[PDB]
>>> print(open('entry_30.txt').read())   # compact mmCIF, C-alpha atoms
# COMPACT_ATOMS: atom_id res chain seq x y z
CA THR A 1 -1.47 -11.34 4.73
CA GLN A 2 -1.00 -14.33 2.42
CA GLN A 3 -1.36 -17.00 5.14
CA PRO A 4 -2.84 -16.58 8.64
CA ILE A 5 -0.59 -17.39 11.59
CA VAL A 6 -2.07 -16.50 14.98
CA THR A 7 -5.83 -16.79 14.50
CA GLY A 8 -9.08 -16.46 16.40
CA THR A 9 -12.11 -18.64 15.79
CA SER A 10 -15.86 -18.11 15.47
CA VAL A 11 -17.70 -14.85 16.22
CA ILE A 12 -21.48 -15.05 16.63
CA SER A 13 -24.19 -12.41 16.79
CA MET A 14 -27.96 -11.97 16.66
CA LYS A 15 -30.71 -9.35 16.90
CA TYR A 16 -33.51 -8.79 19.40
CA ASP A 17 -36.43 -6.41 19.83
CA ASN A 18 -34.26 -3.64 21.31
CA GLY A 19 -30.81 -4.16 19.84
CA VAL A 20 -28.05 -6.65 19.09
CA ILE A 21 -25.90 -9.20 20.90
CA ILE A 22 -22.43 -10.33 19.78
CA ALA A 23 -20.02 -12.82 21.35
CA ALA A 24 -16.56 -14.19 20.64
CA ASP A 25 -14.09 -16.41 22.47
CA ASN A 26 -10.78 -15.22 23.92
CA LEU A 27 -8.23 -17.46 22.21
CA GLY A 28 -5.40 -16.92 19.75
CA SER A 29 -4.50 -20.18 18.00
CA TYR A 30 -1.02 -20.76 16.59
CA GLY A 31 -2.07 -23.48 14.20
CA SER A 32 -3.09 -26.47 16.31
CA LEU A 33 -1.67 -24.82 19.45
CA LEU A 34 -4.03 -22.97 21.81
CA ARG A 35 -1.27 -20.47 22.43
CA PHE A 36 -2.76 -17.15 23.59
CA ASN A 37 -5.63 -17.14 26.07
CA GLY A 38 -7.23 -13.83 26.97
CA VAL A 39 -7.36 -12.27 23.49
CA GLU A 40 -10.21 -9.75 23.47
CA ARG A 41 -11.73 -10.25 20.01
CA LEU A 42 -14.63 -7.82 20.61
CA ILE A 43 -13.62 -4.22 19.90
CA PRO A 44 -16.17 -1.62 21.11
CA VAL A 45 -16.20 1.45 18.87
CA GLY A 46 -17.75 4.42 20.66
CA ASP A 47 -20.71 3.75 22.93
CA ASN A 48 -22.85 2.25 20.16
CA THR A 49 -20.83 -0.20 18.03
CA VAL A 50 -19.01 -3.50 18.56
CA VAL A 51 -16.78 -5.21 15.98
CA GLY A 52 -16.18 -8.94 16.32
CA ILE A 53 -13.15 -10.14 14.37
CA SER A 54 -12.14 -13.71 13.53
CA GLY A 55 -8.95 -14.75 11.80
CA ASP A 56 -5.42 -13.35 11.80
CA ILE A 57 -4.82 -11.52 15.08
CA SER A 58 -2.22 -9.18 13.57
CA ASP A 59 -4.77 -7.96 11.03
CA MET A 60 -7.31 -7.67 13.86
CA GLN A 61 -4.93 -5.39 15.77
CA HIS A 62 -4.44 -3.38 12.57
CA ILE A 63 -8.24 -3.03 12.36
CA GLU A 64 -8.29 -1.93 16.01
CA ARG A 65 -5.74 0.79 15.30
CA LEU A 66 -7.64 1.87 12.19
CA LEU A 67 -10.90 2.13 14.13
CA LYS A 68 -9.31 4.14 16.93
CA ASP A 69 -7.78 6.47 14.34
CA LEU A 70 -11.16 6.76 12.60
CA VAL A 71 -12.78 7.79 15.89
CA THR A 72 -10.00 10.32 16.52
CA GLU A 73 -10.23 11.80 13.01
CA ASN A 74 -14.02 12.03 13.33
CA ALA A 75 -13.57 14.02 16.55
CA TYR A 76 -11.57 16.55 14.51
CA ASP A 77 -13.42 19.83 13.87
CA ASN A 78 -16.73 18.23 14.90
CA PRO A 79 -18.24 19.91 17.98
CA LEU A 80 -21.05 17.32 17.96
CA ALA A 81 -18.78 14.24 17.80
CA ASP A 82 -20.27 13.18 21.16
CA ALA A 83 -23.83 13.66 19.84
CA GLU A 84 -24.98 14.11 16.24
CA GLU A 85 -22.54 13.40 13.40
CA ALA A 86 -20.99 10.74 15.63
CA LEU A 87 -19.67 7.43 14.34
CA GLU A 88 -22.59 5.09 13.56
CA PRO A 89 -22.31 1.32 13.08
CA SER A 90 -23.15 1.86 9.40
CA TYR A 91 -20.21 4.26 8.93
CA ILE A 92 -17.78 1.91 10.67
CA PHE A 93 -18.99 -1.07 8.63
CA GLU A 94 -18.73 0.83 5.34
CA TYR A 95 -15.18 1.95 6.15
CA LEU A 96 -14.22 -1.62 7.07
CA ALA A 97 -15.83 -3.08 3.94
CA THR A 98 -14.09 -0.55 1.70
CA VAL A 99 -10.77 -1.47 3.31
CA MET A 100 -11.39 -5.22 3.02
CA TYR A 101 -12.43 -5.10 -0.64
CA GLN A 102 -9.53 -2.83 -1.58
CA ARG A 103 -7.07 -5.17 0.14
CA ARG A 104 -8.68 -8.12 -1.67
CA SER A 105 -8.31 -6.32 -5.01
CA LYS A 106 -4.68 -5.53 -4.11
CA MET A 107 -4.02 -9.29 -3.63
CA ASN A 108 -2.92 -8.53 -0.03
CA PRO A 109 -6.07 -9.43 1.91
CA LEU A 110 -6.85 -8.82 5.56
CA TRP A 111 -7.31 -12.47 6.52
CA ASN A 112 -10.31 -11.83 8.78
CA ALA A 113 -14.07 -12.10 9.09
CA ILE A 114 -15.69 -9.05 10.69
CA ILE A 115 -19.17 -8.69 12.20
CA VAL A 116 -20.22 -5.10 12.91
CA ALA A 117 -23.15 -4.83 15.33
CA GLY A 118 -24.81 -1.90 17.02
CA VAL A 119 -27.78 0.45 17.22
CA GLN A 120 -28.25 3.35 14.83
CA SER A 121 -29.16 6.85 16.01
CA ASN A 122 -32.81 6.14 15.15
CA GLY A 123 -32.92 2.98 17.28
CA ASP A 124 -32.61 0.57 14.36
CA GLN A 125 -30.41 -2.48 14.83
CA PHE A 126 -27.37 -2.73 12.54
CA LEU A 127 -25.74 -6.14 12.11
CA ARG A 128 -23.59 -6.90 9.06
CA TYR A 129 -20.66 -9.09 8.01
CA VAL A 130 -17.60 -8.69 5.77
CA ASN A 131 -14.59 -10.91 5.08
CA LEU A 132 -11.16 -10.88 3.42
CA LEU A 133 -12.83 -11.15 0.00
CA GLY A 134 -14.94 -8.03 0.54
CA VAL A 135 -18.24 -9.94 0.54
CA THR A 136 -20.79 -8.02 2.61
CA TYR A 137 -24.10 -9.36 3.86
CA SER A 138 -26.55 -8.97 6.74
CA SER A 139 -29.07 -11.24 8.46
CA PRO A 140 -30.91 -11.46 11.83
CA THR A 141 -28.25 -14.03 12.82
CA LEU A 142 -24.60 -13.83 11.76
CA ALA A 143 -21.61 -16.01 12.52
CA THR A 144 -18.07 -16.65 11.30
CA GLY A 145 -16.20 -19.93 10.99
CA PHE A 146 -17.68 -22.94 12.76
CA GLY A 147 -20.37 -20.67 14.19
CA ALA A 148 -21.71 -20.17 10.67
CA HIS A 149 -22.32 -23.95 10.56
CA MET A 150 -23.46 -24.70 14.13
CA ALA A 151 -24.29 -21.44 15.91
CA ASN A 152 -26.40 -20.10 13.05
CA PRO A 153 -28.94 -23.00 13.20
CA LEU A 154 -29.47 -22.52 16.94
CA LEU A 155 -29.76 -18.75 16.48
CA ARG A 156 -32.23 -19.07 13.58
CA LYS A 157 -34.34 -21.40 15.71
CA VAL A 158 -34.87 -18.29 17.87
CA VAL A 159 -35.01 -15.65 15.09
CA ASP A 160 -35.80 -17.28 11.74
CA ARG A 161 -37.19 -14.19 9.97
CA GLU A 162 -37.40 -10.43 10.49
CA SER A 163 -40.81 -10.68 12.19
CA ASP A 164 -39.26 -12.73 15.01
CA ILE A 165 -36.97 -9.88 16.11
CA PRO A 166 -39.62 -7.84 18.01
CA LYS A 167 -40.69 -11.08 19.73
CA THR A 168 -37.18 -11.79 21.10
CA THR A 169 -36.36 -10.39 24.52
CA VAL A 170 -32.77 -9.65 25.53
CA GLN A 171 -32.86 -12.61 27.94
CA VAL A 172 -33.92 -15.07 25.23
CA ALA A 173 -31.28 -13.77 22.82
CA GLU A 174 -28.52 -13.87 25.45
CA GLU A 175 -29.51 -17.42 26.42
CA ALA A 176 -29.38 -18.47 22.76
CA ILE A 177 -25.94 -16.86 22.39
CA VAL A 178 -24.61 -18.64 25.48
CA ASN A 179 -26.04 -21.97 24.29
CA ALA A 180 -24.40 -21.49 20.89
CA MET A 181 -21.08 -20.68 22.57
CA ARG A 182 -21.37 -23.83 24.68
CA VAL A 183 -22.08 -25.98 21.61
CA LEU A 184 -19.12 -24.37 19.84
CA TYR A 185 -16.80 -25.13 22.75
CA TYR A 186 -18.20 -28.67 22.55
CA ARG A 187 -17.41 -29.23 18.88
CA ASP A 188 -14.70 -26.68 17.91
CA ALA A 189 -11.11 -27.85 18.32
CA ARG A 190 -9.58 -24.36 18.22
CA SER A 191 -11.98 -22.93 20.81
CA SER A 192 -11.82 -21.62 24.37
CA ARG A 193 -14.09 -21.97 27.39
CA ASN A 194 -13.63 -18.28 28.25
CA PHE A 195 -15.31 -15.73 25.97
CA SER A 196 -16.64 -12.18 25.86
CA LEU A 197 -20.16 -10.95 25.11
CA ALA A 198 -21.65 -7.56 24.31
CA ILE A 199 -25.25 -6.33 24.24
CA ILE A 200 -25.93 -3.06 22.40
CA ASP A 201 -29.41 -1.81 23.33
CA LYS A 202 -31.26 1.34 22.28
CA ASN A 203 -32.27 1.91 25.93
CA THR A 204 -29.44 0.57 28.11
CA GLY A 205 -26.42 1.20 25.88
CA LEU A 206 -23.16 -0.66 25.47
CA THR A 207 -23.04 -3.64 27.85
CA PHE A 208 -19.62 -5.33 27.76
CA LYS A 209 -19.30 -8.60 29.70
CA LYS A 210 -15.79 -10.05 29.97
CA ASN A 211 -14.39 -13.26 31.46
CA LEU A 212 -17.50 -15.34 30.84
CA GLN A 213 -17.20 -19.12 31.04
CA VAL A 214 -19.10 -21.98 29.42
CA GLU A 215 -20.96 -23.88 32.14
CA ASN A 216 -23.57 -26.66 32.43
CA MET A 217 -21.41 -29.16 30.57
CA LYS A 218 -22.91 -32.59 29.88
CA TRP A 219 -20.11 -35.16 30.05
CA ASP A 220 -21.41 -37.83 32.45
CA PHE A 221 -22.52 -40.26 29.72
CA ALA A 222 -18.87 -40.47 28.61
CA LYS A 223 -18.31 -42.89 31.50
CA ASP A 224 -20.52 -45.43 29.71
CA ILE A 225 -18.78 -45.29 26.31
CA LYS A 226 -16.37 -48.23 26.08
CA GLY A 227 -14.24 -49.24 23.11
CA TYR A 228 -15.09 -48.50 19.49
CA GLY A 229 -17.60 -51.26 18.78
CA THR A 230 -17.17 -54.80 20.09
CA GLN A 231 -15.29 -53.92 23.29
CA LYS A 232 -17.32 -54.40 26.46
CA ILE A 233 -14.99 -53.14 29.21
CA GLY B 1 21.89 47.70 -0.77
CA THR B 2 18.10 47.49 -0.58
CA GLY B 3 15.22 45.18 -1.45
CA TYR B 4 16.06 42.57 1.20
CA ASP B 5 12.38 42.30 2.22
CA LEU B 6 11.11 41.30 -1.24
CA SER B 7 11.88 37.56 -1.04
CA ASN B 8 11.56 35.07 1.80
CA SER B 9 14.61 33.52 3.51
CA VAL B 10 16.83 36.44 2.43
CA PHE B 11 19.20 37.65 5.15
CA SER B 12 19.31 41.43 5.47
CA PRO B 13 22.65 43.13 6.28
CA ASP B 14 21.54 43.42 9.93
CA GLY B 15 21.00 39.66 10.20
CA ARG B 16 17.20 39.65 9.88
CA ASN B 17 14.54 38.05 7.69
CA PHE B 18 11.99 40.80 7.12
CA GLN B 19 9.37 38.47 5.63
CA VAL B 20 9.14 36.69 8.98
CA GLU B 21 8.67 40.04 10.72
CA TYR B 22 5.97 40.98 8.20
CA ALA B 23 4.22 37.69 8.98
CA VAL B 24 4.52 38.68 12.65
CA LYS B 25 2.87 42.01 11.79
CA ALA B 26 0.06 40.06 10.11
CA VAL B 27 -0.24 38.01 13.31
CA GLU B 28 -0.45 41.12 15.50
CA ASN B 29 -3.49 42.32 13.52
CA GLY B 30 -5.45 39.20 14.52
CA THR B 31 -7.83 38.57 17.39
CA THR B 32 -6.63 37.80 20.91
CA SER B 33 -5.95 34.21 21.97
CA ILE B 34 -4.47 33.13 25.30
CA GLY B 35 -3.30 30.00 27.09
CA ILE B 36 -2.77 29.33 30.81
CA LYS B 37 -0.82 26.36 32.19
CA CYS B 38 -2.22 25.37 35.58
CA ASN B 39 -1.20 22.64 38.03
CA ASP B 40 -3.04 19.66 36.49
CA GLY B 41 -3.45 20.90 32.92
CA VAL B 42 -3.82 23.77 30.46
CA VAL B 43 -6.61 26.09 29.32
CA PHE B 44 -7.02 27.87 25.98
CA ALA B 45 -9.27 30.85 25.28
CA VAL B 46 -10.02 32.94 22.21
CA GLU B 47 -12.09 35.98 21.21
CA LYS B 48 -14.30 35.73 18.11
CA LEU B 49 -15.37 39.02 16.51
CA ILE B 50 -19.11 39.24 15.77
CA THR B 51 -18.94 41.43 12.68
CA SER B 52 -22.68 40.84 12.25
CA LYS B 53 -25.39 39.08 14.22
CA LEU B 54 -25.92 36.94 11.11
CA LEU B 55 -23.06 34.76 12.37
CA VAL B 56 -24.49 31.66 14.04
CA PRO B 57 -23.34 31.77 17.69
CA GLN B 58 -21.40 28.83 19.17
CA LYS B 59 -20.36 27.91 15.61
CA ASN B 60 -17.22 28.97 13.69
CA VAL B 61 -15.01 27.15 16.18
CA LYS B 62 -11.49 28.57 16.42
CA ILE B 63 -9.93 26.21 18.98
CA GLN B 64 -8.78 23.01 17.28
CA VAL B 65 -7.86 19.60 18.68
CA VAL B 66 -4.88 17.42 17.73
CA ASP B 67 -5.01 13.71 18.64
CA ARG B 68 -7.21 13.48 21.77
CA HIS B 69 -4.97 15.42 24.17
CA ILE B 70 -3.49 18.38 22.26
CA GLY B 71 -5.28 21.74 22.11
CA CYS B 72 -4.26 24.43 19.62
CA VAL B 73 -5.42 28.01 19.17
CA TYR B 74 -3.87 30.59 16.87
CA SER B 75 -3.89 34.31 16.11
CA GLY B 76 -3.36 35.62 12.60
CA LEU B 77 -4.31 34.05 9.26
CA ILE B 78 -6.84 31.41 10.39
CA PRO B 79 -6.32 29.29 7.22
CA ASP B 80 -2.57 29.12 7.89
CA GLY B 81 -3.46 28.01 11.42
CA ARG B 82 -5.66 25.24 10.03
CA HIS B 83 -2.83 24.20 7.71
CA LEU B 84 -0.42 24.03 10.66
CA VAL B 85 -2.99 22.06 12.67
CA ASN B 86 -3.38 19.53 9.85
CA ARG B 87 0.39 19.13 9.64
CA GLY B 88 0.53 18.58 13.39
CA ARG B 89 -2.27 16.01 13.19
CA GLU B 90 -0.31 14.10 10.55
CA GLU B 91 2.79 14.23 12.76
CA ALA B 92 0.85 12.95 15.78
CA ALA B 93 -0.74 10.16 13.71
CA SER B 94 2.66 8.99 12.46
CA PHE B 95 4.09 9.19 15.98
CA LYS B 96 1.27 7.06 17.38
CA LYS B 97 1.52 4.58 14.49
CA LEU B 98 5.25 4.10 15.08
CA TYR B 99 5.78 4.49 18.85
CA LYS B 100 2.29 3.43 20.04
CA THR B 101 2.12 6.08 22.76
CA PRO B 102 0.36 9.40 22.06
CA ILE B 103 2.83 12.07 21.04
CA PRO B 104 4.32 14.11 23.91
CA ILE B 105 3.71 17.86 23.94
CA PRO B 106 7.42 18.78 23.50
CA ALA B 107 7.65 16.38 20.56
CA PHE B 108 4.60 17.96 18.91
CA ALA B 109 6.06 21.41 19.58
CA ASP B 110 9.34 20.46 17.92
CA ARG B 111 7.50 18.97 14.93
CA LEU B 112 5.52 22.18 14.37
CA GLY B 113 8.65 24.27 14.92
CA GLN B 114 10.63 22.29 12.34
CA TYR B 115 7.73 22.66 9.90
CA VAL B 116 7.52 26.44 10.31
CA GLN B 117 11.32 26.84 10.23
CA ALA B 118 11.42 24.86 6.99
CA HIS B 119 8.74 27.23 5.72
CA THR B 120 11.17 30.08 6.51
CA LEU B 121 14.00 28.45 4.52
CA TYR B 122 13.01 28.96 0.86
CA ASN B 123 11.98 31.91 -1.29
CA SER B 124 9.40 29.67 -3.00
CA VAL B 125 7.28 29.43 0.18
CA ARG B 126 5.66 32.17 2.31
CA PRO B 127 6.13 32.24 6.10
CA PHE B 128 3.20 31.24 8.28
CA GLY B 129 0.98 34.16 9.25
CA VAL B 130 -0.03 32.68 12.61
CA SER B 131 1.16 32.57 16.20
CA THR B 132 0.04 29.32 17.79
CA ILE B 133 -0.61 28.66 21.48
CA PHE B 134 -0.93 24.92 22.02
CA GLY B 135 -0.39 22.31 24.68
CA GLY B 136 -1.82 19.46 26.68
CA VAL B 137 -1.09 16.69 29.16
CA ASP B 138 1.40 13.86 28.61
CA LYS B 139 3.30 11.35 30.75
CA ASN B 140 5.44 14.24 32.07
CA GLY B 141 2.49 16.43 33.09
>>> encode(input="entry_30.txt", output="structure tokens")
Amino acid sequence: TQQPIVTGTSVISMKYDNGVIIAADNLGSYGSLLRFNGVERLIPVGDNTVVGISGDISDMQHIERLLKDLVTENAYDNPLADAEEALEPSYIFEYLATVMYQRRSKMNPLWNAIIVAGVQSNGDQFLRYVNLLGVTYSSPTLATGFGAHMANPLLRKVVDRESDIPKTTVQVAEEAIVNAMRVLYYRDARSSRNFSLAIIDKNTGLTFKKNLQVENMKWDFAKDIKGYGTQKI
Amino acid sequence: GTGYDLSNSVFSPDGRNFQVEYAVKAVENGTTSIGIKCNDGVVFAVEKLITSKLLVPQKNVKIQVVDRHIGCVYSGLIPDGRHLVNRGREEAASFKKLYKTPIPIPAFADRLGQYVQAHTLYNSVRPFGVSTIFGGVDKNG
């Protein structure tokens, strides 16, 4: 892809004492047009990984097909594919990063930003980020697009360093994620009120919540704003 | 004349390809493998010879999977069976990439049949030494 067409906006994610949380809206934007509502931008790989993709939706569907084929080809000649030697978040992220960097070096990038979150087999939280340039990095809080500018401050207020992760319950992290999504819907022009959220825990498993809505909207004060300076009525 | 069984894909005066029949003989010398088509699906079974108790039980899997719905077992030269299974996996992957839907069982059967028949078309390639029982469930049952 040399220019994105149908795109999806920010994808946010954070860590907590027992796993990871990742959210993304359900909108496919055709430029300035909010064309496609209901686009699931969270792709659950297996029962232990979730990939959140922002950017060109065609490349995101290509990534979906590649991940499903990776799962299928891992199941080949692997009697433990449902136990040991199963696809880990680290394996999925490394495959994705290899693909992204090779496409970048081939001058035909995958115009996306990908956040791979999950729980390793040893209970450790995996949460990393890659983009169309092949840049890979990880942090207790990750976000793409506008979320990297607005959602990341609110998420770092909850988890600023690694030591804060064991102190963060799943409720606190989910509340922070929902607050960040609300602020994004406030200030992002290519955003949607409906979104999807996923909580990967080392004790509960893959928790996939669809059709969530941004609530508790503060708009009353808008009735008092009049004019653009000197206007009184 | 004579010597019709020395090269593959050579028609004998009685209208036969003896290399294919020799591959069939190689198949007959292999372990037993069966398949049963029931009402809602299929079942595959195979016998694994324990030449020594040094073989780790439950390992050395003989039944292979193609896509997520195709099961394949084979009797004969196990490596040729693995080769055929890899070819079928490539065919199923291309079919899913192009037509979205998982490959139907008759389509997979015809793909494997065309592959083996092409392998019985040239003297520069040896016929497959396997008989393959495969199947699964598709939109037609």
>>> closest_residue(input="entry_30.txt", among="B:38, B:93, B:54, B:6", to="chain A", atoms="all atoms listed in the file")
B:93
>>> residues_around(input="entry_30.txt", residues="residue B:14", least_positions_apart="6", cutoff="12 Å", atoms="all atoms listed in the file", output="PyMOL selection string")
chain B and resi 1-2+4
>>> residues_near_point(input="entry_30.txt", point="(-24.9, -8.9, 16.2)", cutoff="9 Å", atoms="all atoms listed in the file", output="ChimeraX atom specification")
/A:12-15,19-23,50-52,115-118,125-128,140-143,198-200
>>> closest_atom_pairs(input="entry_30.txt", of="chain B", to="chain A", cutoff="7 Å", atoms="all atoms listed in the file", output="JSON lines")
{"residue": "B:64", "atom": "CA", "partner": "A:77", "partner_atom": "CA", "distance": 6.6}
{"residue": "B:65", "atom": "CA", "partner": "A:76", "partner_atom": "CA", "distance": 6.4}
{"residue": "B:67", "atom": "CA", "partner": "A:72", "partner_atom": "CA", "distance": 6.4}
{"residue": "B:68", "atom": "CA", "partner": "A:72", "partner_atom": "CA", "distance": 6.7}
>>> atom_distance(input="entry_30.txt", atom1="atom CA of residue A:155", atom2="atom CA of residue A:178")
10.4 Å
>>> atom_distance(input="entry_30.txt", atom1="atom CA of residue B:22", atom2="atom CA of residue B:73")
20.5 Å
>>> closest_residue(input="entry_30.txt", among="A:108, A:194, A:179, A:26", to="residue A:158", atoms="all atoms listed in the file")
A:179
>>> residues_around(input="entry_30.txt", residues="residue B:91", least_positions_apart="2", cutoff="12 Å", atoms="all atoms listed in the file", output="PDB file with C-alpha atoms, keeping the file's coordinate frame")
ATOM      1  CA  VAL B  66      -4.880  17.420  17.730  1.00  0.00           C
ATOM      2  CA  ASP B  67      -5.010  13.710  18.640  1.00  0.00           C
ATOM      3  CA  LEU B  84      -0.420  24.030  10.660  1.00  0.00           C
ATOM      4  CA  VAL B  85      -2.990  22.060  12.670  1.00  0.00           C
ATOM      5  CA  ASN B  86      -3.380  19.530   9.850  1.00  0.00           C
ATOM      6  CA  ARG B  87       0.390  19.130   9.640  1.00  0.00           C
ATOM      7  CA  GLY B  88       0.530  18.580  13.390  1.00  0.00           C
ATOM      8  CA  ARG B  89      -2.270  16.010  13.190  1.00  0.00           C
ATOM      9  CA  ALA B  93      -0.740  10.160  13.710  1.00  0.00           C
ATOM     10  CA  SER B  94       2.660   8.990  12.460  1.00  0.00           C
ATOM     11  CA  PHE B  95       4.090   9.190  15.980  1.00  0.00           C
ATOM     12  CA  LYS B  96       1.270   7.060  17.380  1.00  0.00           C
ATOM     13  CA  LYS B  97       1.520   4.580  14.490  1.00  0.00           C
ATOM     14  CA  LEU B  98       5.250   4.100  15.080  1.00  0.00           C
ATOM     15  CA  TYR B  99       5.780   4.490  18.850  1.00  0.00           C
ATOM     16  CA  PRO B 102       0.360   9.400  22.060  1.00  0.00           C
ATOM     17  CA  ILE B 103       2.830  12.070  21.040  1.00  0.00           C
ATOM     18  CA  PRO B 104       4.320  14.110  23.910  1.00  0.00           C
ATOM     19  CA  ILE B 105       3.710  17.860  23.940  1.00  0.00           C
ATOM     20  CA  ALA B 107       7.650  16.380  20.560  1.00  0.00           C
ATOM     21  CA  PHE B 108       4.600  17.960  18.910  1.00  0.00           C
ATOM     22  CA  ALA B 109       6.060  21.410  19.580  1.00  0.00           C
ATOM     23  CA  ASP B 110       9.340  20.460  17.920  1.00  0.00           C
ATOM     24  CA  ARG B 111       7.500  18.970  14.930  1.00  0.00           C
ATOM     25  CA  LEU B 112       5.520  22.180  14.370  1.00  0.00           C
ATOM     26  CA  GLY B 113       8.650  24.270  14.920  1.00  0.00           C
ATOM     27  CA  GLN B 114      10.630  22.290  12.340  1.00  0.00           C
ATOM     28  CA  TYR B 115       7.730  22.660   9.900  1.00  0.00           C
TER      29      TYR B 115
END
>>> atom_distance(input="entry_30.txt", atom1="atom CA of residue A:210", atom2="atom CA of residue A:97")
26.9 Å
>>> closest_atom_pairs(input="entry_30.txt", of="stretch 3-39 of chain B", to="stretch 125-137 of chain B", cutoff="8 Å", atoms="all atoms listed in the file", output="tab-separated table")
residue	atom	partner	partner_atom	distance
B:8	CA	B:126	CA	6.6
B:19	CA	B:127	CA	7.0
B:20	CA	B:127	CA	6.1
B:23	CA	B:129	CA	4.8
B:24	CA	B:129	CA	6.7
B:26	CA	B:129	CA	6.0
B:27	CA	B:130	CA	5.4
B:33	CA	B:133	CA	7.7
B:34	CA	B:133	CA	7.0
B:35	CA	B:133	CA	6.4
>>> closest_residue(input="entry_30.txt", among="A:2, A:58, A:168, A:105", to="residue A:133", atoms="only C-alpha atoms")
A:105
>>> axis_aligned_box(input="entry_30.txt", around="stretch 160-176 of chain A", padding_each_side="8 Å", output="lines of an AutoDock Vina configuration file")
center_x = -34.7
center_y = -13.2
center_z = 19.0
size_x = 28.3
size_y = 26.6
size_z = 34.0
>>> residues_around(input="entry_30.txt", residues="residue A:233", least_positions_apart="6", cutoff="12 Å", atoms="only C-alpha atoms", output="list in words")
residues 223, 224, 225, 226 and 227 of chain A
>>> residues_around(input="entry_30.txt", residues="residue A:8", least_positions_apart="6", cutoff="10 Å", atoms="all atoms listed in the file", output="CSV table (one decimal) with C-alpha atoms, in the frame of the given file")
chain,number,residue,atom,x,y,z
A,24,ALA,CA,-16.6,-14.2,20.6
A,25,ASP,CA,-14.1,-16.4,22.5
A,26,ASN,CA,-10.8,-15.2,23.9
A,27,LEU,CA,-8.2,-17.5,22.2
A,28,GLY,CA,-5.4,-16.9,19.8
A,29,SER,CA,-4.5,-20.2,18.0
A,30,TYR,CA,-1.0,-20.8,16.6
A,34,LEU,CA,-4.0,-23.0,21.8
A,36,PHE,CA,-2.8,-17.2,23.6
A,39,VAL,CA,-7.4,-12.3,23.5
A,40,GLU,CA,-10.2,-9.8,23.5
A,41,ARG,CA,-11.7,-10.2,20.0
A,53,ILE,CA,-13.2,-10.1,14.4
A,54,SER,CA,-12.1,-13.7,13.5
A,55,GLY,CA,-9.0,-14.8,11.8
A,56,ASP,CA,-5.4,-13.4,11.8
A,57,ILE,CA,-4.8,-11.5,15.1
A,60,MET,CA,-7.3,-7.7,13.9
A,112,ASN,CA,-10.3,-11.8,8.8
A,113,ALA,CA,-14.1,-12.1,9.1
A,145,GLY,CA,-16.2,-19.9,11.0
A,190,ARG,CA,-9.6,-24.4,18.2
A,191,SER,CA,-12.0,-22.9,20.8
A,192,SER,CA,-11.8,-21.6,24.4
>>> closest_residue(input="entry_30.txt", among="A:38, A:93, A:120, A:204", to="residue A:137", atoms="all atoms listed in the file")
A:93
>>> residues_around(input="entry_30.txt", residues="residue A:181", least_positions_apart="3", cutoff="8 Å", atoms="all atoms listed in the file", output="list in words")
residues 151, 177, 178, 184, 185 and 214 of chain A
